[PDB]
Amino acid sequence: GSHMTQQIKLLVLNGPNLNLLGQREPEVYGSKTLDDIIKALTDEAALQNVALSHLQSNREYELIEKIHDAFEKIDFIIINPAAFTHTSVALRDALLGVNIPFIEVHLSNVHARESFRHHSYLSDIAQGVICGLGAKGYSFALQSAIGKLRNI
Amino acid sequence: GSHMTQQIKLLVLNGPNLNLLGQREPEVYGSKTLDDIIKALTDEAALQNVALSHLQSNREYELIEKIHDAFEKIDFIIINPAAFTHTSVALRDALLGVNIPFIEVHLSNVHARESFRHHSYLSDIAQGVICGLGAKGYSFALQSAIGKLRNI
Amino acid sequence: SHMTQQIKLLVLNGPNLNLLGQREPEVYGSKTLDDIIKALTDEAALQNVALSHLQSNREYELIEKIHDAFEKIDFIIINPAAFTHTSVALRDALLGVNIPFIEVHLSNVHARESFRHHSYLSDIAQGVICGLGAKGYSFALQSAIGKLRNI
Amino acid sequence: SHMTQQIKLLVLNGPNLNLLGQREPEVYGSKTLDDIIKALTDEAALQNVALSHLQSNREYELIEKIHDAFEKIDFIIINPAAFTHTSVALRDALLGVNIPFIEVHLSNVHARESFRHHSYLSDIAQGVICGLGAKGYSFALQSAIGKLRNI
Amino acid sequence: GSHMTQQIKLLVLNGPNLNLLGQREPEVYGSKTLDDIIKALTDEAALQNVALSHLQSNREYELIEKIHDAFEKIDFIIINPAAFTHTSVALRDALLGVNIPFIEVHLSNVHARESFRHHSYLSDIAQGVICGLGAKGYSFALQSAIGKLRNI
Amino acid sequence: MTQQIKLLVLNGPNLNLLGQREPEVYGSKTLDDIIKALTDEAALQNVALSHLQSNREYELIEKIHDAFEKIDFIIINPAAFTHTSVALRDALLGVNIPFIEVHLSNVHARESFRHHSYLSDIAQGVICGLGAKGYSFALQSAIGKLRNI
Amino acid sequence: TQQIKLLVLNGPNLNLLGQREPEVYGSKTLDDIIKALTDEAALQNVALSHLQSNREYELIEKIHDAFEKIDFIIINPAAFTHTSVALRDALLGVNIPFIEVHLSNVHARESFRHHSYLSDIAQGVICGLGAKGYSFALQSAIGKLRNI
Amino acid sequence: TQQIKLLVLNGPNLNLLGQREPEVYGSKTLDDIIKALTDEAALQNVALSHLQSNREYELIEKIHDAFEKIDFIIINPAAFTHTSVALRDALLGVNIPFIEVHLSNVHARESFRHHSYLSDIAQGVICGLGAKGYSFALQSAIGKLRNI
Amino acid sequence: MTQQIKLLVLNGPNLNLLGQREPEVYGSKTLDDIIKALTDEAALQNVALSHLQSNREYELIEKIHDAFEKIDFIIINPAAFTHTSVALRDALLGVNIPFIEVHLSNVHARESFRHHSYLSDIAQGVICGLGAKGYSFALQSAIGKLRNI
Amino acid sequence: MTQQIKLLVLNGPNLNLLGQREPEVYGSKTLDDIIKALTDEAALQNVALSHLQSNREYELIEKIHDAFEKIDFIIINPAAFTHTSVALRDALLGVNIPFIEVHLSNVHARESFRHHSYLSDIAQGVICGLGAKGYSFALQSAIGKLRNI
Amino acid sequence: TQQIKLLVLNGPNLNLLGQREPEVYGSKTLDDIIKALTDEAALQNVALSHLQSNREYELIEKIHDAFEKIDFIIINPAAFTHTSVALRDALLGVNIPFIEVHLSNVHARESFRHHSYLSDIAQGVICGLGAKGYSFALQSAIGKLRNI
Amino acid sequence: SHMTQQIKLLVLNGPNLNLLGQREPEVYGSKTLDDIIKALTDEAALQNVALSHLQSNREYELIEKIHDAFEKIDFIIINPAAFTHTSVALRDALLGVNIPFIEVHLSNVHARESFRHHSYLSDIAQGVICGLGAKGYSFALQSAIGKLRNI
């Protein structure tokens, strides 16, 4: 506690369709964009000596290749795989292959939606899972990650 | 009926392997190419004041990103997702995210093929589904779409 | 129509389709089964297709009409309605007379209860149309003409 | 805290959570349920949230506390522990009083036996946190404040 | 047997995450890289008048498009689809569309791993399947392919 | 003063056999005996009760179509058709008359194929196992629903 | 007539009847239903006793106490219908005939509500007919016990 | 011997036997099979009656009419084997013993044809042996009724 | 004049117990009685009928291998092995002799594990529930198939 | 000389009914009779045997919590709770006392919902079907495990 | 007492007990367990006979030979528990009561080991308690046969 | 072969494999089991592998041979044929003697009936070869040599 902390390098990965946040019927579904969420999250992290990086993609390969590039360079991942949660064994195997701990986040409550959304190829190997709490879910994952890495 | 119609903008999306149409054993499986089908369909649409656009891809992301780019620009989609019908939740979520009505088409009768082909991530949110009627399926979807948008 | 060989096509409609247009027409639609068949028969005749029709709430009347179609009808368009999910006997009647057919549904069965997702006909149909309303019968007619004339 | 309307929040903990910190603390952890609730109550008070708590191994005490919360509590945070997988009665108590809630688990249920993968609460919760240990209750508190104050 | 053989053109396809071979904890999981395996395999093939080509990708489309480009140019495929074995109907349909015989290989024993890894969209249409025998699996597939094409 | 209610009772296949075989074992009451009693009970509360029993699915479907805008409530025991007839479900939905499903026997005590009904989810409610009084209970429920008592 | 002793058992959450949004979900309380049913029974020389509880044990222990004291049970186990093998085995152990009643049509609700641990051993089941279901169960019990 | 009265019931589509591509699927018609079977029965003092129908009700109503009139039933329900609970309950209701017969081997066909609503309550089942299956069922019925 | 048919009857485990326990209850007929009668019936139609019953799966498999090019038709009651032995299925496929599956009891009236057979889909046909006459029916069917009568 | 063993027997719902109904049919032995006999058998081998039977799941959970660091071994018949109570599984795991699961009846001969136990995989072992002696067998096993005999 | 004749049957691979890594998996051999059990039985005037086999037929044929000769069977079918309908039908055919025993807790092992072809027709089942399970089965058999 | 320690390898073949090459050899193939084993034994000997073989239609002969292999055999290659899908006893024999093995099938089981898709051995095998015909045994031999010699 008394010493300066070591910088944590944390990567946030977002999957398909999350670039649409804030676009359709904003008076109904909300006005906050993904860029707004990540800007806020990057500032929150920087006040705790965390250098937060981000990629969102509709391209599964961009997410896989970014996980590979994270090897021995990133301390922790926060991932919202979106639709690829239910379909991508390749993302599971990238995360197991680089051995970086991660937390799974969803804006929506997947358990209140169709039954196909109730199965995740990541949840069993995640440190934990947050769903249904909106944009704050990313901040909760960041808080969890800092506490896990610094034992606080 | 008495007034000039408003132009309809319709996008046709084709998924993987449909670029192979007409290539293998044409005396056995048929000589018509996908370009032949789309040329004919584009002319059929133009005679009814429909501007028909098209993308075929083996790249799921190209299809997702084209759906995103369609937002507030396209009135209706006709999609043959091919193999991605059974696998792509991301395509389901792109179509729900942009809120454009669509019809699902297959050249083959999926119900006569393997059991994995009997489930579609699109069929329940499509306006309707055509399968097994070959290339004419696209024309039937176009006819349906014009009637739905112009109430005829 | 003149240069072509006449096609003989039978349309079969299952139970409850006689109710089309009856209840809350402002809500569920005004068009009757008679209206759909009149229009379809006119469309067929202009392409040298002689179109016959039977609708029934009696499974046997559909089976027996299929038997009577043997060596007399080129193509069948069938909306079996609720019998789609229940009638093995209709499947075996169609297999027994070996006439190609298309399955049509007005509604999108895939958007409805899971018991409607299974058909005893879809695997042996030439193809299936669902969810496009009454134009689905015209699409089936168009498809049948193209198949039998190679056009 | 001053400018805000006070929130009344109830935390409910199910069976066996009273054992936290008791067995092999060097191995499974030292922190007790009392330690988690003391900290959580202090965190709530600084944001003008009055936080009440009940833990029980008695399903009825949880049901009856939910009934007593009607028209008196704004939000519930619940870790039903083993009752997550078994108690339809707790589901119906929460539906019956119509208070929004968040489900929390210390452990990652998805990493454990398949019977723990099913919850009678998760579909009607506002959301679910699992696997993040005792900070999950604080995350649920943060979420509840943001939802009720639109912040 | 007495005549010179006709050259066989064989394509090896590798799916996602196989580029990680040899990288993590090599004293534990092994030091051999995918490039090491393919170099050895290409030399083994060249001594039997087989011209062996290779693509590994984390991009499903690169694998699909390479299969399409193989049409009437390649005699046989060896494929380790990795995670896409369990998920990609599109790869199944590319291989059926070009009608090139193939053998499925896995370094790991998929039957000893999670139940989702027990189903393959390729195994029923492969000539055969090798799993669990490590890098030699590719050599066994090559040996099998030569014998099938030359009737030896 | 009450407005007359018009109520139709529909009985499916094999219920015409009630009372016929080994009456000392399975009971002596016939379907005609149940319906005569029920028609009298209904008449005392200004309900005009009509009845069809059939082994012909079509006769039940066609009767339901003919009931449109003419009948206030249906009591149906579809017997074996409860587990097999989607067409009866769709007839009842298509005419939009409220109904109650009744079975003399406790279907939940019988083979597992009898545990599912194509009508139970869209019925007002379901009565099983209580013998012939179940039709009386259904009649009482229908009167209370239509007259808000 | 010989007096019949009949016990009505109600499971969890039925104490909430009539409390929330009464203009929407209904004004009748469980006490209203039981007071009416107790009167209906007393006019036919039936002594009707009642227990509603959110405590599974209270219902089990009441069933044990009914042994050789009660002629018939009417039970709405509410959520416990789908979960309590212990209630099934309490009813089988005391061998008192019973009818299962639900206010709501369980078949119209989620699939987990389609299965009952009691329905196969009940005399019969009534669902979806609201509070009159308890009256129909009482009528059925009288007819069975008095052969009328 | 005492005369036996035996009813043979045939379900849907069996009227098509012998009609389509006879060089491929066979020339024997249902009338050919039944005329032969009626003669085989008459030589053993069995009066054999027959109904084939595509109408489920005709088969149900024939079974009701058989009550206390017929000693044994042979039934090939064809497609109705897999679908008709009503036929099962008609046979259980009149309590006449019966054998189930199919011309084709249902076990070699699609999985929905593997389940019968009649097989568990039949005396026995014959499938796949063609038209001789009806003769074997007749032989079995004679042996059961005359204890031979 | 007919050509002689050579037919092998195979019986699986526990069928040697026929007739032994509580004969007044379960029957007095032994397997030897059934086979002696069947061998006589076959001989009258110029069929040479051979038999093996075993509790040893291998004795049945090895007999089927030995039948190759020597036996025209098999009648098999695999008893418990019907539900468990893929190896018997593959023996029969490997020698390509037509066969009929017979069971004395109605397997469809018994526990659900008895409802599946590794032989029924590749048999010419299946007879169950008709007691010892089922072997006679199978013999009649085999004669008719081989002689086109 | 042996060290005393402290052993707790837990009995779940409905076992208080043992011996009550139709004793000429279902048996006359009461739970009190079984426990008195078992307590005497344990005392002869320097085992102090305590007991709770309850229809209240919480009384069983709370007793298991109270056993922590005070009891060497548990014998539990959870009765109906065997098939329903994850909370009892988690109580037993949380105090880490070895246990044996016992049932008087053969659960495998009863309805399929009785075939699954939330305790059987984490028990030392399971005894079913052998009546009241099953508690004696569990006691013998516990003595042998704790004393390595 | 009247002498009881009791047969113990052991299935495949139980001959390996005590062979591999005895410091890890245990030193007791099957012959050690059976010699002790034979002595325990002989002190109670039980004649105990034993067969262990990797040959399914040897166990089936031994059960047939037990008919009217043996009062009770204790069986650990090992792998055959999950696979052998033939063993079930041998035990049902000779109608000798039996107890099923496993050394290991099958419920803690793979899901295919959770199902037994014998458990529903056994008198009872013992698993997970090691070699003492055979003694408990012997104690149970004595009590049943002598009403003690 | 000289510089290496000799490997002792056992090949086990299940039921019906004795029929290889017997029926319609022009159609299903001419090569016999004896031909495969002669060739395999020669291939082994050139790499200082002493190869023993048993084929049987008797499950017990396979079980007992596995028991007899304890502390005497380095590696097993097994084609259990139909017993792959049925024999828990063979699984437990191999687990009981703790000798590593490879499962081989001539045919592609995944292309055949669904009951052939499940193996009681595949999860505990070092690996599995199917569909490659008789060369699969040679591939298994090659794999075993590389594993035991670290080459």
# chains A, B, ... in the order shown; residues from 1 in each chain; ligands from 1

$ closest_atom_pairs --of "chain B" --to "chain C" --cutoff "12 Å" --atoms "only C-alpha atoms" --output "JSON lines"
{"residue": "B:30", "atom": "CA", "partner": "C:150", "partner_atom": "CA", "distance": 11.8}
{"residue": "B:102", "atom": "CA", "partner": "C:132", "partner_atom": "CA", "distance": 11.2}
{"residue": "B:103", "atom": "CA", "partner": "C:132", "partner_atom": "CA", "distance": 8.9}
{"residue": "B:104", "atom": "CA", "partner": "C:130", "partner_atom": "CA", "distance": 10.1}
{"residue": "B:105", "atom": "CA", "partner": "C:129", "partner_atom": "CA", "distance": 9.5}
{"residue": "B:106", "atom": "CA", "partner": "C:127", "partner_atom": "CA", "distance": 9.5}
{"residue": "B:107", "atom": "CA", "partner": "C:127", "partner_atom": "CA", "distance": 9.1}
{"residue": "B:108", "atom": "CA", "partner": "C:127", "partner_atom": "CA", "distance": 7.8}
{"residue": "B:109", "atom": "CA", "partner": "C:127", "partner_atom": "CA", "distance": 5.5}
{"residue": "B:110", "atom": "CA", "partner": "C:123", "partner_atom": "CA", "distance": 8.0}
{"residue": "B:111", "atom": "CA", "partner": "C:123", "partner_atom": "CA", "distance": 4.8}
{"residue": "B:112", "atom": "CA", "partner": "C:123", "partner_atom": "CA", "distance": 4.1}
{"residue": "B:113", "atom": "CA", "partner": "C:123", "partner_atom": "CA", "distance": 7.7}
{"residue": "B:114", "atom": "CA", "partner": "C:123", "partner_atom": "CA", "distance": 10.1}
{"residue": "B:115", "atom": "CA", "partner": "C:123", "partner_atom": "CA", "distance": 10.4}
{"residue": "B:117", "atom": "CA", "partner": "C:123", "partner_atom": "CA", "distance": 11.5}
{"residue": "B:118", "atom": "CA", "partner": "C:117", "partner_atom": "CA", "distance": 9.3}
{"residue": "B:119", "atom": "CA", "partner": "C:117", "partner_atom": "CA", "distance": 9.4}
{"residue": "B:120", "atom": "CA", "partner": "C:110", "partner_atom": "CA", "distance": 9.0}
{"residue": "B:121", "atom": "CA", "partner": "C:110", "partner_atom": "CA", "distance": 10.3}
{"residue": "B:122", "atom": "CA", "partner": "C:110", "partner_atom": "CA", "distance": 9.3}
{"residue": "B:123", "atom": "CA", "partner": "C:110", "partner_atom": "CA", "distance": 5.9}
{"residue": "B:124", "atom": "CA", "partner": "C:111", "partner_atom": "CA", "distance": 4.2}
{"residue": "B:125", "atom": "CA", "partner": "C:111", "partner_atom": "CA", "distance": 6.7}
{"residue": "B:126", "atom": "CA", "partner": "C:108", "partner_atom": "CA", "distance": 8.1}
{"residue": "B:127", "atom": "CA", "partner": "C:131", "partner_atom": "CA", "distance": 6.1}
{"residue": "B:128", "atom": "CA", "partner": "C:131", "partner_atom": "CA", "distance": 4.1}
{"residue": "B:129", "atom": "CA", "partner": "C:130", "partner_atom": "CA", "distance": 5.4}
{"residue": "B:130", "atom": "CA", "partner": "C:129", "partner_atom": "CA", "distance": 4.7}
{"residue": "B:131", "atom": "CA", "partner": "C:127", "partner_atom": "CA", "distance": 5.4}
{"residue": "B:132", "atom": "CA", "partner": "C:127", "partner_atom": "CA", "distance": 4.0}
{"residue": "B:133", "atom": "CA", "partner": "C:127", "partner_atom": "CA", "distance": 5.6}
{"residue": "B:134", "atom": "CA", "partner": "C:143", "partner_atom": "CA", "distance": 8.7}
{"residue": "B:135", "atom": "CA", "partner": "C:143", "partner_atom": "CA", "distance": 9.8}
{"residue": "B:136", "atom": "CA", "partner": "C:143", "partner_atom": "CA", "distance": 7.1}
{"residue": "B:137", "atom": "CA", "partner": "C:139", "partner_atom": "CA", "distance": 8.3}
{"residue": "B:138", "atom": "CA", "partner": "C:139", "partner_atom": "CA", "distance": 10.6}
{"residue": "B:139", "atom": "CA", "partner": "C:139", "partner_atom": "CA", "distance": 8.9}
{"residue": "B:140", "atom": "CA", "partner": "C:139", "partner_atom": "CA", "distance": 5.9}
{"residue": "B:141", "atom": "CA", "partner": "C:132", "partner_atom": "CA", "distance": 8.5}
{"residue": "B:142", "atom": "CA", "partner": "C:139", "partner_atom": "CA", "distance": 11.0}
{"residue": "B:143", "atom": "CA", "partner": "C:135", "partner_atom": "CA", "distance": 8.5}
{"residue": "B:144", "atom": "CA", "partner": "C:132", "partner_atom": "CA", "distance": 6.5}
{"residue": "B:145", "atom": "CA", "partner": "C:132", "partner_atom": "CA", "distance": 9.1}
{"residue": "B:146", "atom": "CA", "partner": "C:135", "partner_atom": "CA", "distance": 11.5}
{"residue": "B:147", "atom": "CA", "partner": "C:135", "partner_atom": "CA", "distance": 9.1}
{"residue": "B:148", "atom": "CA", "partner": "C:132", "partner_atom": "CA", "distance": 9.1}
{"residue": "B:152", "atom": "CA", "partner": "C:135", "partner_atom": "CA", "distance": 10.4}

$ select_by_dssp --residues "stretch 90-146 of chain C" --states "alpha helix (DSSP H)" --output "ChimeraX atom specification"
/C:90-97,135-146

$ residues_around --residues "residue L:13" --least-positions-apart "4" --cutoff "9 Å" --atoms "only C-alpha atoms" --output "MDAnalysis selection string"
chainID L and resid 17:18 53:57 62 77:81

$ residues_around --residues "residue B:15" --least-positions-apart "3" --cutoff "8 Å" --atoms "only C-alpha atoms" --output "PyMOL selection string"
chain B and resi 18+56-60+63+80-84

$ interface_residues --of "chain K" --to "chain L" --cutoff "10 Å" --atoms "only C-alpha atoms" --output "VMD selection string"
chain K and resid 11 to 17 19 to 20 53 to 57 78 to 84 112 to 113

$ residues_around --residues "residue J:117" --least-positions-apart "3" --cutoff "9 Å" --atoms "only C-alpha atoms" --output "PyMOL selection string"
(chain J and resi 81-85+114+120-121) or (chain K and resi 107)

$ write_last_selection --atoms "N, CA, C and O atoms" --output "PDB file, in the first residue's frame"
ATOM      1  N   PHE J  81     -35.580 -34.694   0.540  1.00  0.00           N
ATOM      2  CA  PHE J  81     -34.631 -33.612   0.260  1.00  0.00           C
ATOM      3  C   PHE J  81     -33.442 -34.132  -0.532  1.00  0.00           C
ATOM      4  O   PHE J  81     -32.637 -33.350  -1.046  1.00  0.00           O
ATOM      5  N   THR J  82     -33.212 -35.455  -0.634  1.00  0.00           N
ATOM      6  CA  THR J  82     -32.103 -35.986  -1.400  1.00  0.00           C
ATOM      7  C   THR J  82     -32.183 -35.477  -2.831  1.00  0.00           C
ATOM      8  O   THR J  82     -31.163 -35.227  -3.475  1.00  0.00           O
ATOM      9  N   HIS J  83     -33.397 -35.330  -3.354  1.00  0.00           N
ATOM     10  CA  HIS J  83     -33.607 -35.058  -4.784  1.00  0.00           C
ATOM     11  C   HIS J  83     -33.735 -33.565  -5.026  1.00  0.00           C
ATOM     12  O   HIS J  83     -33.726 -33.140  -6.244  1.00  0.00           O
ATOM     13  N   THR J  84     -33.869 -32.718  -4.021  1.00  0.00           N
ATOM     14  CA  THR J  84     -34.254 -31.291  -4.160  1.00  0.00           C
ATOM     15  C   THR J  84     -33.292 -30.336  -3.509  1.00  0.00           C
ATOM     16  O   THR J  84     -33.323 -29.182  -3.958  1.00  0.00           O
ATOM     17  N   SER J  85     -32.537 -30.699  -2.476  1.00  0.00           N
ATOM     18  CA  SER J  85     -31.833 -29.698  -1.645  1.00  0.00           C
ATOM     19  C   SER J  85     -30.366 -29.582  -2.060  1.00  0.00           C
ATOM     20  O   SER J  85     -29.483 -30.262  -1.517  1.00  0.00           O
ATOM     21  N   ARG J 114     -36.551 -40.030  -8.297  1.00  0.00           N
ATOM     22  CA  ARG J 114     -35.856 -40.471  -7.063  1.00  0.00           C
ATOM     23  C   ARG J 114     -34.482 -41.048  -7.379  1.00  0.00           C
ATOM     24  O   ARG J 114     -33.749 -41.419  -6.440  1.00  0.00           O
ATOM     25  N   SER J 120     -25.083 -37.849  -3.496  1.00  0.00           N
ATOM     26  CA  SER J 120     -24.408 -39.168  -3.654  1.00  0.00           C
ATOM     27  C   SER J 120     -22.974 -39.016  -4.160  1.00  0.00           C
ATOM     28  O   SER J 120     -22.090 -39.815  -3.786  1.00  0.00           O
ATOM     29  N   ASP J 121     -22.674 -38.055  -4.996  1.00  0.00           N
ATOM     30  CA  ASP J 121     -21.341 -37.910  -5.583  1.00  0.00           C
ATOM     31  C   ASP J 121     -20.300 -37.466  -4.574  1.00  0.00           C
ATOM     32  O   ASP J 121     -19.104 -37.633  -4.827  1.00  0.00           O
TER      33      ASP J 121
ATOM     34  N   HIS K 107     -21.429 -42.982  -8.315  1.00  0.00           N
ATOM     35  CA  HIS K 107     -22.050 -41.665  -8.480  1.00  0.00           C
ATOM     36  C   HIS K 107     -21.048 -40.524  -8.576  1.00  0.00           C
ATOM     37  O   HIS K 107     -21.360 -39.406  -9.087  1.00  0.00           O
TER      38      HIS K 107
END

$ closest_atom_pairs --of "chain K" --to "chain J" --cutoff "8 Å" --atoms "only C-alpha atoms" --output "Markdown table"
| residue | atom | partner | partner_atom | distance |
| --- | --- | --- | --- | --- |
| K:104 | CA | J:125 | CA | 7.9 |
| K:105 | CA | J:125 | CA | 5.7 |
| K:106 | CA | J:121 | CA | 7.9 |
| K:107 | CA | J:121 | CA | 4.8 |
| K:108 | CA | J:121 | CA | 4.2 |
| K:109 | CA | J:121 | CA | 7.8 |
| K:119 | CA | J:108 | CA | 5.9 |
| K:120 | CA | J:109 | CA | 4.1 |
| K:121 | CA | J:109 | CA | 6.8 |
| K:123 | CA | J:129 | CA | 6.1 |
| K:124 | CA | J:129 | CA | 4.0 |
| K:125 | CA | J:128 | CA | 5.4 |
| K:126 | CA | J:127 | CA | 4.7 |
| K:127 | CA | J:125 | CA | 5.4 |
| K:128 | CA | J:125 | CA | 4.1 |
| K:129 | CA | J:125 | CA | 5.4 |
| K:132 | CA | J:141 | CA | 7.1 |
| K:136 | CA | J:137 | CA | 5.9 |
| K:140 | CA | J:130 | CA | 6.7 |

$ atom_distance --atom1 "atom CA of residue I:118" --atom2 "atom CA of residue I:89"
6.1 Å

$ select_by_dssp --residues "chain J" --states "strand (DSSP E or B)" --output "PyMOL selection string"
chain J and resi 5-11+47-53+73-77+99-103+125-128

$ atom_distance --atom1 "atom CA of residue I:47" --atom2 "atom CA of residue I:12"
22.2 Å

$ residues_around --residues "residue D:41" --least-positions-apart "3" --cutoff "12 Å" --atoms "only C-alpha atoms" --output "mmCIF file with N, CA and C atoms, in the first residue's frame"
data_model
loop_
_atom_site.group_PDB
_atom_site.id
_atom_site.type_symbol
_atom_site.label_atom_id
_atom_site.label_comp_id
_atom_site.auth_asym_id
_atom_site.auth_seq_id
_atom_site.Cartn_x
_atom_site.Cartn_y
_atom_site.Cartn_z
ATOM 1 N N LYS D 8 -33.953 3.237 -0.088
ATOM 2 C CA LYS D 8 -34.023 2.148 0.888
ATOM 3 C C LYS D 8 -33.672 0.847 0.141
ATOM 4 N N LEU D 9 -32.542 0.253 0.451
ATOM 5 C CA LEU D 9 -32.101 -1.002 -0.248
ATOM 6 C C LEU D 9 -31.982 -2.128 0.715
ATOM 7 N N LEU D 10 -32.485 -3.304 0.334
ATOM 8 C CA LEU D 10 -32.415 -4.550 1.097
ATOM 9 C C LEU D 10 -31.452 -5.528 0.424
ATOM 10 N N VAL D 11 -30.525 -6.038 1.217
ATOM 11 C CA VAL D 11 -29.640 -7.125 0.803
ATOM 12 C C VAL D 11 -30.114 -8.398 1.439
ATOM 13 N N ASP D 34 -20.184 -10.684 7.869
ATOM 14 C CA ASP D 34 -20.340 -9.470 8.644
ATOM 15 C C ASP D 34 -19.411 -8.415 8.093
ATOM 16 N N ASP D 35 -18.161 -8.773 7.743
ATOM 17 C CA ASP D 35 -17.219 -7.824 7.184
ATOM 18 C C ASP D 35 -17.731 -7.224 5.867
ATOM 19 N N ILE D 36 -18.335 -8.036 5.018
ATOM 20 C CA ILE D 36 -18.823 -7.577 3.690
ATOM 21 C C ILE D 36 -19.974 -6.595 3.938
ATOM 22 N N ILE D 37 -20.898 -6.956 4.830
ATOM 23 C CA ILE D 37 -22.108 -6.132 5.041
ATOM 24 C C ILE D 37 -21.708 -4.835 5.739
ATOM 25 N N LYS D 38 -20.776 -4.878 6.735
ATOM 26 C CA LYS D 38 -20.354 -3.614 7.394
ATOM 27 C C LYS D 38 -19.838 -2.680 6.354
ATOM 28 N N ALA D 44 -22.936 2.497 1.206
ATOM 29 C CA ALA D 44 -24.300 2.956 0.923
ATOM 30 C C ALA D 44 -24.587 4.281 1.630
ATOM 31 N N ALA D 45 -24.234 4.340 2.933
ATOM 32 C CA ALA D 45 -24.629 5.522 3.697
ATOM 33 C C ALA D 45 -24.023 6.768 3.110
ATOM 34 N N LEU D 46 -22.786 6.692 2.594
ATOM 35 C CA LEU D 46 -22.134 7.884 2.012
ATOM 36 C C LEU D 46 -22.861 8.397 0.769
ATOM 37 N N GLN D 47 -23.757 7.621 0.146
ATOM 38 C CA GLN D 47 -24.552 7.982 -1.020
ATOM 39 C C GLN D 47 -26.037 8.058 -0.655
ATOM 40 N N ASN D 48 -26.360 8.278 0.608
ATOM 41 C CA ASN D 48 -27.763 8.457 1.027
ATOM 42 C C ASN D 48 -28.578 7.244 0.619
ATOM 43 N N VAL D 49 -28.082 6.081 0.911
ATOM 44 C CA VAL D 49 -28.731 4.776 0.821
ATOM 45 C C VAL D 49 -28.738 4.162 2.206
ATOM 46 N N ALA D 50 -29.942 3.863 2.660
ATOM 47 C CA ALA D 50 -30.165 3.136 3.930
ATOM 48 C C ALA D 50 -30.258 1.630 3.616
ATOM 49 N N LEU D 51 -29.257 0.905 4.006
ATOM 50 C CA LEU D 51 -29.082 -0.525 3.602
ATOM 51 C C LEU D 51 -29.415 -1.413 4.740
ATOM 52 N N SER D 52 -30.388 -2.292 4.517
ATOM 53 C CA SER D 52 -30.831 -3.324 5.453
ATOM 54 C C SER D 52 -30.404 -4.696 4.890
ATOM 55 N N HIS D 53 -30.219 -5.622 5.816
ATOM 56 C CA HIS D 53 -29.705 -6.951 5.458
ATOM 57 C C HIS D 53 -30.353 -8.053 6.205
ATOM 58 N N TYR D 137 -21.197 -7.329 -4.517
ATOM 59 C CA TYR D 137 -22.271 -6.601 -3.829
ATOM 60 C C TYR D 137 -22.141 -5.103 -4.011
ATOM 61 N N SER D 138 -20.923 -4.580 -3.960
ATOM 62 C CA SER D 138 -20.680 -3.136 -4.196
ATOM 63 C C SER D 138 -21.057 -2.764 -5.627
ATOM 64 N N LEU D 141 -24.754 -2.483 -5.733
ATOM 65 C CA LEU D 141 -25.154 -1.215 -5.060
ATOM 66 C C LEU D 141 -24.959 -0.045 -6.016
#

$ residues_around --residues "residue E:8" --least-positions-apart "2" --cutoff "7 Å" --atoms "only C-alpha atoms" --output "number ranges by chain"
E: 6, 10, 49-51, 75

$ interface_residues --of "chain E" --to "chain B" --cutoff "8 Å" --atoms "only C-alpha atoms" --output "list in words"
residues 60, 61, 64, 65, 68, 87, 88, 89, 90, 93, 94, 97 and 98 of chain E
